[PDB]
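Student: Have a look at the structure that comes next, please.
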Amino acid sequence: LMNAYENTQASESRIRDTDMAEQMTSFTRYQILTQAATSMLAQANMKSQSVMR
Amino acid sequence: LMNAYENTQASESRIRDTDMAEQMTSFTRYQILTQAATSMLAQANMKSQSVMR
Amino acid sequence: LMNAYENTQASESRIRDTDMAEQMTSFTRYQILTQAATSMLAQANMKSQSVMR
Amino acid sequence: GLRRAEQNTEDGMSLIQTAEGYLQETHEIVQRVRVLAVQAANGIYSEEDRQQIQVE
């Protein structure tokens, strides 16, 4: 039973539990992209005034 | 029978039983390599913040 | 064979394994060069803004 | 392979060590026949007593 209890828990974890090291790369990736979207949005707001001259 | 019990038990041990001293060397090598790879991944995540300036 | 394995393992160790201390020297040099080039990349963009006056 | 070659070499000796262990019991038997042959070769025994020697 215990050998079966171990293999079930190991096999269950591979589907349910996340890889923290692997998830951080994705979390880092989208957080930088958040700023790039935030940066260029402010550029877009400033785009209009160039014709008000 | 006792002699064969000795010689066969020695025969299986040299096949099945591990070397406790020899395995500690590999155990430490993987423990060190884990920490080196752990830090380089941490360096790699921050590597992309350079272009955010 | 124990003698042969010991010498051969070191024979391959020198060929394939990296120098952990020496490779940190290379890593820290390319890290700063990346910072230096990036800051000059920020400078090159702002350089063209001069003649708008 | 050299690490594999070493592990076989112990296993080779274990086979060799065991066959010599079986020859140990064989040798002790042949001597026991030999000493009984000395007693059996003495002249003060009859057919019945030497037959009991032949039993063993």
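Residue numbering restarts at 1 for every chain of the structure tokens, chains are lettered A, B, ... in their displayed order, and ligands are numbered from 1 as they appear.
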Residues near residue 48 in chain B, anyone? I mean within 12 Å using only C-alpha atoms, not counting same-chain ones fewer than 2 positions away, as a PyMOL selection string.
Tutor: (chain A and resi 25+28-33) or (chain B and resi 41-46+50-53) or (chain C and resi 31+34-35+38)
Student: Looking only at the backbone, which of the residues in range 11-49 of chain D does DSSP tag as alpha helix (DSSP H), as a PyMOL selection string?
Tutor: chain D and resi 11-40+47-49
Student: Please report the interatomic distance between CA of residue 36 in chain C and CA of residue 26 in chain A in Å with one decimal.
Tutor: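 Rounded to one decimal, the two atoms are 26.7 Å apart.
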Student: Pull the closest atom pair for each residue of chain B that gets at most 8 Å from chain D, along with the distance in Å to one decimal, counting only C-alpha atoms, ordering rows by chain and then ascending residue number, as a Markdown table.
Tutor:
```
| residue | atom | partner | partner_atom | distance |
| --- | --- | --- | --- | --- |
| B:3 | CA | D:21 | CA | 5.7 |
| B:4 | CA | D:18 | CA | 5.8 |
| B:7 | CA | D:18 | CA | 5.5 |
| B:8 | CA | D:14 | CA | 7.0 |
| B:10 | CA | D:14 | CA | 7.2 |
| B:11 | CA | D:14 | CA | 5.6 |
| B:14 | CA | D:10 | CA | 7.2 |
| B:15 | CA | D:7 | CA | 7.3 |
```
Student: Please dump the current selection as a short mmCIF file (atom, residue, chain, number, x, y, z; two decimals), in the first residue's frame; keep N, CA, C and O atoms.
Tutor:
```
data_model
loop_
_atom_site.label_atom_id
_atom_site.label_comp_id
_atom_site.auth_asym_id
_atom_site.auth_seq_id
_atom_site.Cartn_x
_atom_site.Cartn_y
_atom_site.Cartn_z
N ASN B 3 29.55 -21.88 4.03
CA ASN B 3 30.50 -21.24 3.13
C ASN B 3 29.81 -20.68 1.90
O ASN B 3 30.07 -19.54 1.50
N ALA B 4 28.91 -21.46 1.30
CA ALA B 4 28.17 -20.96 0.14
C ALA B 4 27.20 -19.86 0.53
O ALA B 4 26.92 -18.96 -0.26
N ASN B 7 29.59 -16.90 0.58
CA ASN B 7 30.11 -16.47 -0.71
C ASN B 7 29.01 -15.90 -1.60
O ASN B 7 29.26 -14.98 -2.39
N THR B 8 27.80 -16.45 -1.51
CA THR B 8 26.69 -15.95 -2.32
C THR B 8 26.16 -14.63 -1.77
O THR B 8 25.84 -13.72 -2.54
N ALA B 10 27.92 -12.41 -0.19
CA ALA B 10 28.89 -11.44 -0.66
C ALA B 10 28.70 -11.14 -2.14
O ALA B 10 28.91 -10.01 -2.58
N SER B 11 28.31 -12.15 -2.92
CA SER B 11 28.13 -11.96 -4.35
C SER B 11 26.99 -11.00 -4.65
O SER B 11 27.10 -10.15 -5.55
N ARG B 14 27.76 -7.12 -3.52
CA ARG B 14 28.56 -6.38 -4.49
C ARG B 14 27.77 -6.00 -5.73
O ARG B 14 28.24 -5.18 -6.53
N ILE B 15 26.58 -6.58 -5.91
CA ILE B 15 25.71 -6.21 -7.02
C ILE B 15 24.59 -5.29 -6.57
O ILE B 15 24.27 -4.30 -7.24
#
```
Student: Could you give me chain B least-squares fitted onto chain A (all C-alpha atoms, paired in order), as a short mmCIF file (atom, residue, chain, number, x, y, z; two decimals) with N, CA and C atoms, in the first residue's frame?
Tutor:
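Wrote result.cif, looks like this:
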```
data_model
loop_
_atom_site.label_atom_id
_atom_site.label_comp_id
_atom_site.auth_asym_id
_atom_site.auth_seq_id
_atom_site.Cartn_x
_atom_site.Cartn_y
_atom_site.Cartn_z
N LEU B 1 0.69 -0.90 -0.01
CA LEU B 1 -0.13 0.31 0.04
C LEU B 1 0.74 1.55 0.15
N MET B 2 1.80 1.50 0.97
CA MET B 2 2.70 2.64 1.08
C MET B 2 3.38 2.93 -0.25
N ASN B 3 3.82 1.89 -0.96
CA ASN B 3 4.42 2.09 -2.27
C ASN B 3 3.43 2.73 -3.23
N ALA B 4 2.19 2.23 -3.25
CA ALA B 4 1.17 2.82 -4.11
C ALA B 4 0.79 4.22 -3.64
N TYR B 5 0.84 4.45 -2.33
CA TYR B 5 0.63 5.80 -1.82
C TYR B 5 1.72 6.74 -2.33
N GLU B 6 2.96 6.27 -2.38
CA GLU B 6 4.05 7.06 -2.93
C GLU B 6 3.87 7.29 -4.43
N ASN B 7 3.63 6.22 -5.19
CA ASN B 7 3.62 6.33 -6.64
C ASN B 7 2.44 7.14 -7.14
N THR B 8 1.29 7.02 -6.48
CA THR B 8 0.11 7.78 -6.89
C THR B 8 0.23 9.25 -6.50
N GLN B 9 0.77 9.52 -5.30
CA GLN B 9 0.98 10.91 -4.89
C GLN B 9 1.96 11.62 -5.81
N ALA B 10 3.00 10.91 -6.26
CA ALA B 10 3.88 11.46 -7.27
C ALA B 10 3.15 11.65 -8.59
N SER B 11 2.22 10.76 -8.91
CA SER B 11 1.49 10.86 -10.17
C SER B 11 0.62 12.11 -10.21
N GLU B 12 -0.04 12.43 -9.10
CA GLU B 12 -0.93 13.59 -9.09
C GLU B 12 -0.13 14.89 -9.04
N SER B 13 0.99 14.89 -8.32
CA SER B 13 1.80 16.09 -8.19
C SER B 13 2.32 16.54 -9.55
N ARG B 14 2.77 15.60 -10.38
CA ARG B 14 3.23 15.95 -11.72
C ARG B 14 2.10 16.44 -12.61
N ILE B 15 0.85 16.27 -12.19
CA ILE B 15 -0.29 16.79 -12.93
C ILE B 15 -0.83 18.07 -12.30
N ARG B 16 -0.94 18.11 -10.98
CA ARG B 16 -1.59 19.22 -10.30
C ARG B 16 -0.62 20.28 -9.79
N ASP B 17 0.52 19.87 -9.24
CA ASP B 17 1.46 20.81 -8.64
C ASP B 17 2.24 21.56 -9.72
N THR B 18 2.47 22.85 -9.48
CA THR B 18 3.14 23.69 -10.45
C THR B 18 4.66 23.59 -10.32
N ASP B 19 5.35 24.08 -11.35
CA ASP B 19 6.80 24.23 -11.31
C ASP B 19 7.10 25.65 -10.85
N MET B 20 7.60 25.79 -9.63
CA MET B 20 7.83 27.12 -9.07
C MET B 20 8.91 27.87 -9.85
N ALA B 21 9.96 27.16 -10.26
CA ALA B 21 11.02 27.80 -11.04
C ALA B 21 10.54 28.14 -12.44
N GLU B 22 9.82 27.22 -13.08
CA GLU B 22 9.38 27.44 -14.45
C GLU B 22 8.34 28.55 -14.52
N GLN B 23 7.56 28.73 -13.46
CA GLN B 23 6.52 29.75 -13.46
C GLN B 23 7.09 31.14 -13.21
N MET B 24 8.20 31.24 -12.46
CA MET B 24 8.84 32.54 -12.25
C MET B 24 9.30 33.14 -13.57
N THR B 25 9.72 32.30 -14.52
CA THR B 25 10.13 32.80 -15.82
C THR B 25 8.96 33.42 -16.57
N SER B 26 7.81 32.74 -16.57
CA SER B 26 6.62 33.31 -17.20
C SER B 26 6.09 34.48 -16.39
N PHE B 27 6.22 34.42 -15.07
CA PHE B 27 5.79 35.53 -14.22
C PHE B 27 6.55 36.80 -14.55
N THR B 28 7.87 36.68 -14.76
CA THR B 28 8.66 37.86 -15.08
C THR B 28 8.40 38.34 -16.50
N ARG B 29 8.13 37.41 -17.42
CA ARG B 29 7.85 37.80 -18.80
C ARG B 29 6.60 38.67 -18.88
N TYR B 30 5.56 38.32 -18.12
CA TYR B 30 4.33 39.11 -18.14
C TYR B 30 4.49 40.39 -17.35
N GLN B 31 5.33 40.38 -16.31
CA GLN B 31 5.59 41.62 -15.59
C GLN B 31 6.36 42.61 -16.46
N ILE B 32 7.31 42.11 -17.26
CA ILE B 32 8.02 42.98 -18.19
C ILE B 32 7.09 43.46 -19.30
N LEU B 33 6.33 42.54 -19.89
CA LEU B 33 5.45 42.91 -21.00
C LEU B 33 4.41 43.93 -20.55
N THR B 34 3.97 43.84 -19.30
CA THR B 34 3.03 44.82 -18.78
C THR B 34 3.63 46.22 -18.80
N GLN B 35 4.88 46.35 -18.36
CA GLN B 35 5.53 47.66 -18.32
C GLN B 35 5.78 48.20 -19.72
N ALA B 36 6.14 47.33 -20.66
CA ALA B 36 6.33 47.78 -22.03
C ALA B 36 5.02 48.27 -22.63
N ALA B 37 3.94 47.52 -22.44
CA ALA B 37 2.64 47.94 -22.97
C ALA B 37 2.13 49.18 -22.24
N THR B 38 2.43 49.29 -20.94
CA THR B 38 2.00 50.46 -20.19
C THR B 38 2.61 51.73 -20.74
N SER B 39 3.90 51.69 -21.09
CA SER B 39 4.57 52.88 -21.59
C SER B 39 4.12 53.23 -23.00
N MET B 40 3.92 52.22 -23.85
CA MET B 40 3.51 52.48 -25.22
C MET B 40 2.13 53.10 -25.28
N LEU B 41 1.23 52.71 -24.37
CA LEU B 41 -0.06 53.38 -24.27
C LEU B 41 0.11 54.82 -23.82
N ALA B 42 1.02 55.07 -22.87
CA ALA B 42 1.32 56.44 -22.47
C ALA B 42 1.91 57.25 -23.62
N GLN B 43 2.75 56.62 -24.44
CA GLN B 43 3.22 57.28 -25.66
C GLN B 43 2.07 57.53 -26.62
N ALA B 44 1.15 56.57 -26.74
CA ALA B 44 0.07 56.69 -27.70
C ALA B 44 -0.91 57.80 -27.33
N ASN B 45 -1.15 58.02 -26.04
CA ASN B 45 -2.05 59.10 -25.65
C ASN B 45 -1.49 60.45 -26.06
N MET B 46 -0.19 60.68 -25.85
CA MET B 46 0.43 61.95 -26.21
C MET B 46 0.64 62.09 -27.71
N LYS B 47 0.49 61.00 -28.46
CA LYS B 47 0.73 61.04 -29.90
C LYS B 47 -0.19 62.03 -30.60
N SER B 48 -1.37 62.29 -30.04
CA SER B 48 -2.35 63.11 -30.75
C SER B 48 -2.14 64.60 -30.51
N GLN B 49 -1.27 64.98 -29.58
CA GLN B 49 -1.00 66.39 -29.35
C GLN B 49 -0.17 67.03 -30.45
N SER B 50 0.34 66.23 -31.40
CA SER B 50 1.17 66.79 -32.46
C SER B 50 0.40 67.78 -33.32
N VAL B 51 -0.86 67.47 -33.64
CA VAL B 51 -1.65 68.34 -34.51
C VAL B 51 -2.19 69.57 -33.79
N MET B 52 -2.05 69.65 -32.47
CA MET B 52 -2.57 70.81 -31.76
C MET B 52 -1.76 72.08 -32.03
N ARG B 53 -0.62 71.96 -32.69
CA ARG B 53 0.13 73.13 -33.12
C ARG B 53 -0.41 73.63 -34.45
#
```
Student: Just give me the gap between CA of residue 40 in chain D and CA of residue 23 in chain D in Å, one decimal is fine.
Tutor: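 So the two atoms, CA of residue 40 in chain D and CA of residue 23 in chain D, lie 25.5 Å apart.
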Student: Between CA of residue 49 in chain D and CA of residue 34 in chain D, measure the distance and give it in Å to one decimal.
Tutor: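 These two atoms are separated by 16.7 Å.
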